[PDB]
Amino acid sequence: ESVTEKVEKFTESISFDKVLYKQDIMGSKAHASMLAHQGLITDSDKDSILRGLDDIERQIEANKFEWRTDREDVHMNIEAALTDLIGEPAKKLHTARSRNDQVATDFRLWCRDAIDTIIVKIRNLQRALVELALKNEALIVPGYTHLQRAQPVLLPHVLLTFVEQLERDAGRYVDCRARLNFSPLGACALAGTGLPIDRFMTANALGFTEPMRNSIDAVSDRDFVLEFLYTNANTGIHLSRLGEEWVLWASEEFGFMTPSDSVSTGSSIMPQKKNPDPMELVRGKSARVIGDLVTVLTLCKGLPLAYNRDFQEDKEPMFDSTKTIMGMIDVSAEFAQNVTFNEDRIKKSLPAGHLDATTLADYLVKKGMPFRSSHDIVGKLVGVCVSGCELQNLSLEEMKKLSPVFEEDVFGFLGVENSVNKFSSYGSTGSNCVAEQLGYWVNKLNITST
């Protein structure tokens, strides 16, 4: 009810920013070590600060640290506790530092660590997909455009689509990481300091490439948050497409995949209904990752220099986006490990819609017919085959009524198995082409037989 109370609750950040504690401690140790080296604090002050910070870290890891809203945020929580433990030397940690450059440093360190963790998770999902592909390497499914059957494809070729998507995501994560890995520490409030700090020393100690060249930039920049949010959002769109695909494959209309009981829900009344809830939720969680990105874009839009309290609002969306994408990645990996393909159902489905048509057109082109004539002939033959009706079941006599170009060899180009084997272009679904790409990924991901 007090104004001070209402403002305190509105402005407190510890409820969410306590997750930065490891990075805040690392940053404060590096700062103290540098201060001592530069003669701004004593070596005994450093010794006490380092030991006291390590004690606090241990207390937090053991869940014995009481986070307090009356201490506002992670930084003041940790520093007031340090003062309680070691006395007046703790008060020297503020020398030649502001909350403004401290928070920037801590957040960049947290984002760096979170990116490292995401990359491991992506590799794990890529491995899950490639292992699923190797286990189900011979299965043929329809390939779709406009959700219409277009050509036959190998199941491993489809799964490698998602592996390639995730590789571009990993690349964006690596590039983001490098760009963010510059140290804001030593910018102080915005202008730097006249005290004899060494910003190269703290940048090195904290694993940054070098110190940021402009103190105002250092305290005002949140591009690293934006870029990480965007990179999570693109990853999330890939997983939303995997979710759409697998929810469709789990339908009875498609009938291609059966999730295990452990990754689905059901009904006692309709025991055959198996709902793929985890992948629906993966699809749905792509939305909040997009919203998290919009939050911080809108937040930064039109802000003056240098530091503004508005930046407090960049933490929660980054934490949410990160937790969400990590979950989406890991659940998709578990789902991939807990699905079986319905081989008879798939086989029964493939004869519908003449997936061999393009192979037959390629046959005619190889025999010298122009592409348009080839397409016209094949469409007429398909037109003789409206029903169950299959091109490979037509007689040669029937084909010769349309063109003398057909010969007995045609049957090696018809049916869905021959069609897959006839694709030969780089990146194609041809069996040998897919075998080459599986080999690249078994090498790159260090997949073993064990």
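Start at 1 with the first residue shown and count on from there.
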Which fits the stretch between residue 387 and residue 388: none, 1 to 3, 4 to 9, or 10 or more deposited residues lacking coordinates? 1 to 3
Select between 233-241 and 365-373 the stretch whose C-alpha atoms have the higher average B-factor in the entry. 365-373
Entry-level comparison of average CA B-factors, 2-10 and 441-449, reporting the higher stretch: 2-10
Criterion, highest CA B-factor; candidates, 26, 34, 405, 49: 405
Among 91, 309, 168, 108, single out the one with the highest C-alpha B factor in the record, please. 91
Third of chain Cα B-factors occupied by residue 172: lowest
Going by the entry, which third of its chain does the Cα temperature factor of residue 323 land in? lowest
Which third, lowest, middle or highest, does the C-alpha temperature factor of residue 96 belong to within its own chain? middle
Residue 260's Cα B-factor: lowest, middle or highest third of the chain? middle
Could you place residue 164 in the lowest, middle or highest third of its chain by Cα temperature factor, using the values in the record? lowest
